[PDB]
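Here's the structure we're looking at; comments come further down.
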Amino acid sequence: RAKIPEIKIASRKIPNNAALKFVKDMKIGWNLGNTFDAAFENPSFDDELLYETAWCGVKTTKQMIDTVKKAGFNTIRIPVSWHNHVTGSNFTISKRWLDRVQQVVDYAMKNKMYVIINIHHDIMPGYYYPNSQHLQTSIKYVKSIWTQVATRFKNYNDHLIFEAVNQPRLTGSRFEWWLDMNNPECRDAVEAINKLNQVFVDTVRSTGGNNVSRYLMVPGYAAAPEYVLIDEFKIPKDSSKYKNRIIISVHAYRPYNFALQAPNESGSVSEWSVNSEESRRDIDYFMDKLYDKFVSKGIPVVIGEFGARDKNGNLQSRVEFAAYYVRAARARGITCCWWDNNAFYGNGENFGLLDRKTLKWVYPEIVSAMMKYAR
Ligand SMILES: OC[C@H]1O[C@@H](O[C@H]2[C@H](O)[C@@H](O)[C@H](O[C@H]3[C@H](O)[C@@H](O)[C@H](O[C@H]4[C@H](O)[C@@H](O)[C@H](O)O[C@@H]4CO)O[C@@H]3CO)O[C@@H]2CO)[C@H](O)[C@@H](O)[C@@H]1O
């Protein structure tokens, strides 16, 4: 139904070290989106495990993960929102919830896949919130969640990756998605994120076993490329006797007006062309800056989320986008993970690729476009 383009992007020099070989072997990722990350108050149901299906509508199965592996993905990102699953002053995670998350991790481990688990939609005062006012509780939350999760998974091999937090930011604010680094409120949030990323690393390493050397992903503000590129971002100090085990996490649905902006919002575009510098510009730019600051210096970078939402059937554009984005990243030593939220029609964000109920690929052309350039 679509024509996959022949993409010509020269490879950059990629330092030969273990971390960048690891990221290369991850190859390309698929997010189990809108699954364990679903989060909201006042559930109509009694069984907390129904959060798994409240948004995506389909319970995860081993056959589903098998299907994702068979299509060529070698990484599964399993975002998890924990705040609807904790009780008590020290955020005890419900055993049934953590048990179910572990069952799904096991589906992926059986397929010899890389697996990323995180803290996702927990960005609220009283849980994870990056400012001085709420920092003491945020430290307690990061410490408690990651002590519990890291302990459960301590004897999992290095294919399992921990990601500190998804998109740490101030919410319901002009600064939620953009910083003015001359403003003290923004400087404070960047500092809080540095502190909480250090707490995360220290907490994980302290639990022993394979957690002493496992790869760990950390974002900057809002997981934006810009806010790991600022001078104020700090890679946490790592006590691992293995060097270079911290991976920079970024999310980049770029160009925004094509990939993520809703099609009924003024400014949205539905066309993307491999022959247009206007389509390519924003992809090249942030990847170039990340290559300059991190990859070229040997520091690994993973794009944990990208994608392009369907806009009234714009398949050819999304096919060209996906091929270009994956090749641009691979040429710079970076591996990417598509956000697959099992959403295909309606007014929502229609990022789905796999129809989970049938295990059929709705957009195999997009998958094939990525696989052509992922290795
Ligand atoms: O229909 C069920 C439920 O959907 C809720 O909306 C979901 C979207 O369906 C889902 O695609 C979205 O996924 C996020 C992901 O969790 C984030 O890590 C990241 O967030 C975006 C952010 O949404 C943008 O506003 C911002 O500009 O960019 C970041 C990425 O840089 O990316 C994806 C895609 O947006 O999560 C939503 C929930 O937060 C509806 O809210 C709910 O009403 C529906 O019931």
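For the sequence shown, full-length UniProt numbering assigns the number 27 to the initial residue and increments by one for each residue that follows. By construction, the Cβ of each residue, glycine as well, lies at the ideal position given by its N, Cα and C atoms.
Where residue i falls, given that 16 or more other Cβ within 10 Å makes a residue buried
i      : result
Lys121 : exposed
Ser343 : buried
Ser37  : exposed
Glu391 : buried
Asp336 : buried
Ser164 : buried
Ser70  : exposed
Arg200 : exposed
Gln159 : exposed
Option nearest residue i by Cα separation, candidates the options
i          : options                        : result
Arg353     : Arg306, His147, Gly374         : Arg306
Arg213     : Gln224, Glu189, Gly246, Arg240 : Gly246
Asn116     : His147, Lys136, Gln162         : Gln162
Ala285     : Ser275, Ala248, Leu341, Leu46  : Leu341
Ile256     : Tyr279, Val216, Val295         : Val216
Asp72      : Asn110, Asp51, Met397, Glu375  : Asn110
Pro281     : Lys267, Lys136, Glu303         : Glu303
residue 16 : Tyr268, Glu202, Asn338         : In the structure displayed, the chain extends from 27 to 401; residue 16 sits before or after that span and is not available.
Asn208     : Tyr154, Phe226, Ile40, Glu258  : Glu258
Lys383     : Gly359, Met90, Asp228, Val321  : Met90
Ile40      : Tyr155, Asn368, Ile325         : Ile325
Beta-carbon proximity of residue i to residue j, cut-off 9 Å
i          : j      : result
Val130     : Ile119 : no
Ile30      : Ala395 : yes
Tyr317     : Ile33  : no
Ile149     : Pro105 : no
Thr61      : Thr79  : yes
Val238     : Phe188 : no
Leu124     : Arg178 : yes
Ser107     : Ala65  : yes
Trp298     : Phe347 : yes
residue 15 : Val141 : Beyond the ends of the chain as shown, which are 27 and 401, falls residue 15; an answer cannot be given.
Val254     : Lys319 : yes
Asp366     : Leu385 : no
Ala45      : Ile309 : no
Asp184     : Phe99  : no
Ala218     : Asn301 : no
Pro251     : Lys180 : no
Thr361     : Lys95  : no
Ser275     : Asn283 : no
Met397     : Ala28  : no
Any non-hydrogen atom of ligand 2 within 8 Å of residue i CB
i      : result
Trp108 : In the structure on display, ligand 2 does not appear, and the ligands it does have are ligand 1.
Are the stretch 354 to 362 and the stretch 323 to 330 touching, with three or more C-beta to C-beta distances below 8 Å? yes
Looking at C-beta atoms only, is the number of pairs between the stretch 279 to 289 and the stretch 259 to 271 that lie closer than 8 Å three or more? no
Do three or more CB pairs link the stretch 155 to 172 to the stretch 84 to 95 at distances below 8 Å? no
Inspect the CB distances between the stretch 190 to 198 and the stretch 217 to 231 and report whether three or more fall short of 8 Å. yes
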